[PDB]
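The structure appears below as structure tokens.
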Amino acid sequence: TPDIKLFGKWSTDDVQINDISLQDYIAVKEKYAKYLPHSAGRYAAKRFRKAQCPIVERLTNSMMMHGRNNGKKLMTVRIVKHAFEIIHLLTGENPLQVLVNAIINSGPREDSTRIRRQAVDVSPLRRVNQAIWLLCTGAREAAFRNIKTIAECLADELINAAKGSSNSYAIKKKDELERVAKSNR
Amino acid sequence: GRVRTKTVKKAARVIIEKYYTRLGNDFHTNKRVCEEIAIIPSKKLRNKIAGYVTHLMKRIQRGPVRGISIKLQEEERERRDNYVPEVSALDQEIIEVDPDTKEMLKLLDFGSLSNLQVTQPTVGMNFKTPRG
Amino acid sequence: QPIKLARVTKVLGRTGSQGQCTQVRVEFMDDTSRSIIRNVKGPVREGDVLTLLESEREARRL
Amino acid sequence: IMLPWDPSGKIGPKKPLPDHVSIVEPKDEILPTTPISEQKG
RNA sequence: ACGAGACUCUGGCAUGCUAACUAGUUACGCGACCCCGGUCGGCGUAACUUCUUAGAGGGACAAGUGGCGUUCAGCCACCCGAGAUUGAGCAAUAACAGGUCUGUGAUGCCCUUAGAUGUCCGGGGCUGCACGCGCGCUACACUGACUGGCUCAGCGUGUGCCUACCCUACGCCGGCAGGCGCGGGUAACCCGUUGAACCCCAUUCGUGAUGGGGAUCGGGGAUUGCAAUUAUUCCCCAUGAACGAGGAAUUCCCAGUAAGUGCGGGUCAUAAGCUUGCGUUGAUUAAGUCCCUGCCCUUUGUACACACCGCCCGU
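Quick look at the structure:
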């Protein structure tokens, strides 16, 4: 429809990227706001084609890890769907906005590197990658040998990480790295 | 990387050497000229040398060559060294002779010559680059 | 204490041990005259923003 | 034995070397400045 | 002059080009049900090649634009597009006392030859088990297991001179593994429209060494074979072991790639935890450096030349 392309049954507009740095490397809006995460692909042909890929698709692809779950994109889009329906019942907010703030408040601003161990700044594209990767890994471990299902652990990760609630696997790994980077800055 | 081998270039150069006047700018028109003027048993090699024939053609209109010898560079070049000027810089009226080139011409038959102007001497015996 | 920003005006190659730190000429957003050179971890294209947690450190160039 | 070449293939191959480019020689072009009409019957 | 390249194969497209009862499609008569109309891989057929098969030609060149390049050689973008760096094969000079005399009726010499080291038959052995290593397969579960329901592949093979061992439809009987009639095919004709797995949809199971895991092990039934015990394989029921993501160390890998899940071929009387191919679902991270390990140039140093796994000093 020319009105608004609603993400299955979710919002496109009123999803602000409230950080003035990561506004380019967050695809949620206007030209990349689609009915599903699932795309043709072809974002891994060039260097900076991977940034324009929608984050629902980035978090979809990031969730299929550890051998047995490899190439199960139809399972992971369904995990995203369930964990998105859960957030609207538990929070009272558009899950895309809660996701946007979760990615932005998870990406580490500094890191350490062997030049000897010296602190450097972090690229905004690595901030988006590490934010997505740490959130999916926190959800992955949280639902291992547990009655709490993957969509329930994934939603609890993204609520705690949007809040900076400190119970997140992603926030605890982020606060560790920034402190350890500061140790030799 | 897309460097053409010597095989491509020394087939393209001699294609322009013989058939310069037939050629043009765009790749497609003179790919078809390369059909008859060159026996090529490879359509990738044909399009490679045709592509270079166009690139070598574009740079000919800017001026000089590697050594291709187009027949209208020769007209111009010959017109520059079949050159006849008017009364110029060996047919002078005043020659500025030196203080002691005067008295060396006085050693010869040309002592008091008609049309020389003895330059006043250059005081400050200073012609060497300073050391350092 | 402040947390400041800086936009990438020019890339200066790639340093580090394993070739991982991109050396970058960044421009501050308080003064658009004040430039420093910064080491960045992760993939950087020319004309994006970085978050500087200390705005004082200036890296060793080559 | 590297076989020698003929356009037929009586002595060896029929295709040349793929690297071989035989740029055939042109004739001596006669050109005027005076327009000639070549009408005959 | 060789090698690189050029080359050959393969992949991508072509509503344009050529042709098809051993490929189809569209329209049409007929047939079935259908609440004027839909579906039909139900029957038959006058056009056509969009799908299919394999032919011939085109098509793509850094060609157009913009920078940088003394600046030719070129490099990076962007448009246009089926592709703006597909994947293989082939592959020099000079070598290694690599491996093969168990591929050869290619093989010098040495040893045997009716006391066999020749040749076949009857049995055993390569599998033996206090241990130590390498390649693998299944897993440690809930992103899961079990039981139903739903919908799609692509590479190949086939009646063997020896040569039987093909591939298998359909219908009966058997819980099953299988058995029995009756066909089709030397194959774009039949298996076959190759109804493959995973995935998808619904059920139960509930963090428990549990319905995770299925080793070991007891009893019984057919098949192949002349013959199965040290169990050829396969079916059923019972038995229900370690293992809670694996120390030091360490391997492979940058796009339809890794990884998961199946299916062909070879081996094959019997037969895939192997190998070689094919499709399917389909990522993370990187566009870099010489820090490790190694490679190629140029200087440089050398007491090294079976060339650093070198040479060499003293008690």
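Taken in order, these protein sequences are the chains called G, S, d and E.
Numbered by the entry's author numbering, the letters in the first sequence go through residues 14 to 128, 135 to 204 in order.
Add 1 to a position in the second sequence, counting from 1, and you land on the number used in the entry's author numbering.
Add 6 to a position in the third sequence, counting from 1, and you land on the number used in the entry's author numbering.
Add 187 to a position in the fourth sequence, counting from 1, and you land on the number used in the entry's author numbering.
A virtual CB, placed ideally from N, CA and C, is assigned to each residue, including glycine.
Neighbouring residues, chain G, relative to residue i (Cβ below 8 Å)
i	result
d:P49	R60, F61, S142, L144 and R145
d:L11	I33 and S34
d:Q26	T126
Residue-chain proximity (residue i, chain d), Cβ-Cβ < 8 Å
i	result
G:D27	no
G:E123	yes
Any chain G beta carbon closer than 8 Å to residue i
i	result
d:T38	no
d:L56	yes
d:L68	no
d:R44	yes
Chain G contact residues for residue i, given Cβ-Cβ distances below 9 Å
i	result
d:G22	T126, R127, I128 and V139
Residues that residue i contacts on chain S, provided the C-beta gap is smaller than 7 Å
i	result
E:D206	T8
Within chain E, partners of residue i - CB distance below 8 Å
i	result
S:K19	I210, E212 and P213
S:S43	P205
Contact set for residue i: own chain, Cβ-Cβ below 8 Å, skip 5 residues either direction
i	result
G:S52	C66, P67 and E70
E:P191	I198 and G199
S:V98	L106, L117, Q118, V119 and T120
residue 1 of chain S	Outside the displayed range of chain S (2 to 133) lies residue 1 of chain S, so it cannot be described from this structure.
S:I61	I17, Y21, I69 and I71
residue 11 of chain G	The requested residue 11 of chain G is not part of the displayed model; chain G covers only 14 to 204.
Own chain residues within Cβ distance below 7 Å of residue i, not counting five before or after
i	result
S:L114	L106
G:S187	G157, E176, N179 and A180
G:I99	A170, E171 and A174
G:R91	none
Any chain E beta carbon closer than 8 Å to residue i
i	result
S:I38	yes
S:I16	yes
Within chain d, the residues that residue i reaches when beta carbons sit closer than 7 Å
i	result
G:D37	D54
G:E195	Going along chain d, no residue has its Cβ under 7 Å from G:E195, so there is no contact; the nearest lies around 15 Å.
Chain S contact for residue i (CB, 8 Å cutoff)
i	result
E:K197	no
E:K227	no
E:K201	no
7 Å Cβ cut-off: residues of chain E touching residue i
i	result
S:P65	Within 7 Å Cβ-Cβ: nothing; S:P65 doesn't reach chain E, min ~23 Å.
S:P86	Neighbours of S:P86 on chain E: none; closest Cβ ~29 Å, over 7 Å.
Paired residues, beta bridge with residue i - DSSP
i	result
E:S209	S:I40
G:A138	G:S125
S:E97	S:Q118
d:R13	d:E33 and d:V55
G:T168	The partner list for G:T168 (beta bridge, DSSP) is empty, contrary to what the question assumes.
S:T123	DSSP, once it has assigned bridges, lists no residue as partnering S:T123.
d:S41	d:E33
d:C27	d:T21 and d:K47
Neighbour list for residue i in chain E, Cβ cutoff strictly below 9 Å
i	result
S:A12	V208 and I210
Within chain d, partners of residue i - CB distance below 9 Å
i	result
G:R204	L59, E60 and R63
Interface partners of residue i on chain G, CB under 7 Å
i	result
d:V17	By Cβ distance, chain G contributes nothing, its closest Cβ being about 12 Å from d:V17, past 7 Å.
Same chain only: Cβ atoms within 6 Å of residue i, ignoring 5 sequence neighbours per side
i	result
d:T15	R31 and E33
residue 1 of chain S	Here chain S has residues from 2 to 133 only, and residue 1 of chain S is not among them.
S:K103	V119
d:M35	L11
List, from N- to C-terminal side, the alpha helix (DSSP H) runs of 4 residues or more that fit wholly inside the segment 54-88 of chain S.
Fully enclosed alpha helix (DSSP H) runs of no fewer than 4 residues occupy 74-82 of the segment 54-88 of chain S, in order along the chain.
At which residue ranges does the segment 74-118 of chain G contain complete alpha helix (DSSP H) runs of 4 or more residues, listed in the order of the chain?
Secondary structure remark: continuous alpha helix (DSSP H) runs of at least 4 residues inside the segment 74-118 of chain G, in chain order: 86-103 and 108-117.
Length-filtered (4 minimum) alpha helix (DSSP H) runs lying within the segment 2-47 of chain S
Qualifying alpha helix (DSSP H) stretches, in chain order: 7-19, 28-32 and 34-38.
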